[PDB]
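K.L.:
Below is one structure. I have some questions about it.
A short reminder: the numbers here are calculations on the coordinates, not readings from a lab. Cβ coordinates were reconstructed from backbone atoms using ideal geometry, including for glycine residues, and neighbour counts include every protein chain displayed.
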């Protein structure tokens, strides 16, 4: 079936907390915090998605989970560009990082919303 | 309640995006 609304929120809290930390690091130009923030966010997002089936039956759940997971992966994909092992544009980079964080938060709400109606 | 706080974050993220634009 579906997880409870209370459980979804409970997992969402750890997601928003880490995204806030990411936004905080972006405002202070602490780009070295981008990678570990994306790691924290990914792990929190992963735990949230674990509440829902791997292959969900409903369509809104399937689409929201897809966006949630892809954005989380896309987030640490962008954050990985902060460290070139061997020129880095932080302006273009931070724009993409925030948009990913937004998409994660957006998909998180969609999951809470569809769960509330079923409660 | 909980929906609002997430809306606050989304608003904050979108608000910050304009600052870099």
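K.L.:
Could you check, for the range A:55-75, whether at least one of its residues is within 11 Å of the chain's Cα centre (by Cα) and either facing chain B (nearest Cβ under 10 Å) or in a loop (DSSP other than H, G, I, E, B) (or both)?
P.N.:
No, the range A:55-75 contains no residue that is within 11 Å of the chain's Cα centre (by Cα) and either facing chain B (nearest Cβ under 10 Å) or in a loop (DSSP other than H, G, I, E, B) (or both).
K.L.:
Also, quick follow-up: From the residues in the range B:6-19 that are more than 8 Å from the chain's Cα centre (by Cα) and exposed (fewer than 13 other Cβ atoms within 10 Å of the Cβ), which one is farthest from the other protein chains (Cβ to nearest Cβ)?
P.N.:
Across the range B:6-19, the extreme among qualifying residues is B:18.
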